[PDB]
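What follows is a single structure, written as structure tokens, with notes after it.
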Amino acid sequence: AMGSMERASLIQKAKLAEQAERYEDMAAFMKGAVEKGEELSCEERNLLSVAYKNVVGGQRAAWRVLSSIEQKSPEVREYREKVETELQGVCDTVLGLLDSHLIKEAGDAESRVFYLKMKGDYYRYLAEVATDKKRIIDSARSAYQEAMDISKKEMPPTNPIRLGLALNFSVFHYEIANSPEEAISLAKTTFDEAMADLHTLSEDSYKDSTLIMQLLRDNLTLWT
Amino acid sequence: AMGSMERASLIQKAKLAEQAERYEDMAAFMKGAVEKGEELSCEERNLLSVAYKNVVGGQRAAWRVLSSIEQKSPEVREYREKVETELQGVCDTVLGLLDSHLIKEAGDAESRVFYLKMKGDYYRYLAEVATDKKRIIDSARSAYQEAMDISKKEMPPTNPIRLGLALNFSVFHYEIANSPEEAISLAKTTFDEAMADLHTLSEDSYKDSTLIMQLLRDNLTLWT
Amino acid sequence: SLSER
Amino acid sequence: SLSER
Ligand SMILES: N=C(N)c1cc(-c2ccccc2)c(CNC(=O)c2ccc3cc[nH]c3c2)s1
Ligand SMILES: N=C(N)c1cc(-c2ccccc2)c(CNC(=O)c2ccc3cc[nH]c3c2)s1
Ligand SMILES: N=C(N)c1cc(-c2ccccc2)c(CNC(=O)c2ccc3cc[nH]c3c2)s1
Ligand SMILES: N=C(N)c1cc(-c2ccccc2)c(CNC(=O)c2ccc3cc[nH]c3c2)s1
Ligand SMILES: [Mg+2]
Ligand SMILES: [Mg+2]
Ligand SMILES: [Mg+2]
Ligand SMILES: [Mg+2]
């Protein structure tokens, strides 16, 4: 629908939708921008990510409420299936954008890592509702692992995209892959390597890094 | 779209959507139920009201963010107009249900008061974005005033629908009609008359009434 | 101003 | 478990 709007206007409107907490609009605007065919800037990648994370986040939270009602106990099943189908469509939409053609056109390591992390995240969301499920778990693991390999070669241990990747990969291992010791080992080594690197950072970079490290520590606390 | 679903299923799904905080679904389910043509129970009226109050509430909050951005400073105007149009459509949808044919078929005083209060509320929401605006203000005032007249004849001063009506009519006077002394007088007399009636109430009814009285007091505090 | 919640 | 916010 957004094909007749200028790229710059779509980006501006995505920023306004964020301020208005209109995340479905935000995602539609950023989808439009992606489909203009130009690579995305760092700020634009973040806008894309924030929009769809909030949309799918609301769907996941709804799905969990309905699934828990369903299990205690046709309407509940029927309405969970409806929400589940909507969530799968959103994930398919994101993965479609990544595959046509954000990833292949991502020359830089930081762009390619960002998009591969997203691919893992949206397969992860698909895995949460899947039962085939095995194929989806493997697709998530492979995307995450390819992002890790690039990130370890090309980015420092405190880089916020590398840290956010390692955080989410560790959650995958713990929540999806039934590999809690893998999750704990990844979070711990990620945390220690970033810690030993904080001395190189400005006050701004320091704030970025220690914010995500706190999430890693929180999970290690819940997991052990 | 909901025409092929049983009335009972739509009601059950509206309750599930509330638990899932899926208020747009909730409103679509309750619209479907209304259009079955049967009168609504007290619980069903509350479901209808809660669904659309949350939907339109999110739209109003978005509209206010965008309008404030617009004034400080074509995209902002264009996106505020888009949100504004969506909000008007939701209000037109509610007013359509009330007029075809909830109000005319509302035999009981309590049903008719509930629906007339809603009519005032959704004209009030239309008035907030209108600039014609005068006609909308008058339509809200007349609906509210007809609800007040019935409520004073047919319901006690502590009845929660009568109190919620008086609360919202007082907000209309203060925020829409530029009649702050009317607002203050209505809130005060409503509060005092309910106070003098609390002695007749059970512990349950007492909790209903004093909850809305607290809202009246809060506004009197902000207004004077 | 607060309205009926 | 908490993920990247
Ligand atoms: N509009 C947005 N949502 C963003 C725009 C940019 C941006 C803007 C200009 C250039 C490059 C990037 C972002 C970079 N992310 C953050 O700063 C960030 C991320 C997560 C958290 C959690 C607490 N604080 C945080 C800050 S996020
Ligand atoms: N190489 C780096 N370290 C960065 C370069 C740029 C940049 C690149 C181009 C233009 C302007 C800025 C950055 C902007 N911040 C983020 O992307 C970001 C993302 C997520 C989180 C979570 C906590 N903090 C966060 C920061 S970080
Ligand atoms: N599903 C819903 N949302 C409701 C179902 C029924 C109902 C159920 C059975 C019979 C009759 C009515 C409702 C009656 N309203 C309340 O109880 C009420 C209203 C406002 C507030 C604010 C704090 N507490 C409140 C409680 S609300
Ligand atoms: N005549 C009365 N006093 C009531 C009769 C019934 C009733 C009627 C039929 C079946 C079951 C219950 C009531 C159910 N409560 C509400 O509608 C209500 C609505 C809003 C608020 C805000 C705070 N409390 C609230 C309660 S109140
Ligand atoms: Mg152009
Ligand atoms: Mg390239
Ligand atoms: Mg039937
Ligand atoms: Mg009747």
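Think of each number as a place in line: the chain as shown, counted from 1.
Cβ from N, Cα, C; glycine included.
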Listed residues B:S9, B:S49, B:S67, B:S139, with the one flagged phosphoserine by Swiss-Prot: B:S9
Å between Cα atoms of B:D132 and B:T131 (gap: 2 unmodelled residues): 7
Unmodelled segment of 9 residues: Cα separation of flanking B:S73 and B:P74 in Å: 11
Cα separation, B:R124 (site 'Interaction with phosphoserine on interacting protein') to B:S9 (phosphoserine) (Å, whole number): 32
Among B:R60, B:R124, which are recorded sites, the residue with the most C-beta atoms within 10 angstroms of its C-beta: B:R124
Length of the line joining the Cα atoms of B:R60 (site 'Interaction with phosphoserine on interacting protein') and B:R124 (site 'Interaction with phosphoserine on interacting protein'), in Å: 11
Residue distribution over DSSP helix, strand and coil in the expression tag (B:1-4): 3 helix, 0 strand, 1 coil
Chain A contacts among the recorded positions B:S9, B:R60, B:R124 (Cβ under 8 Å): B:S9
Protein Cβ atoms within 10 Å of B:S9 (phosphoserine), excluding its own: 17
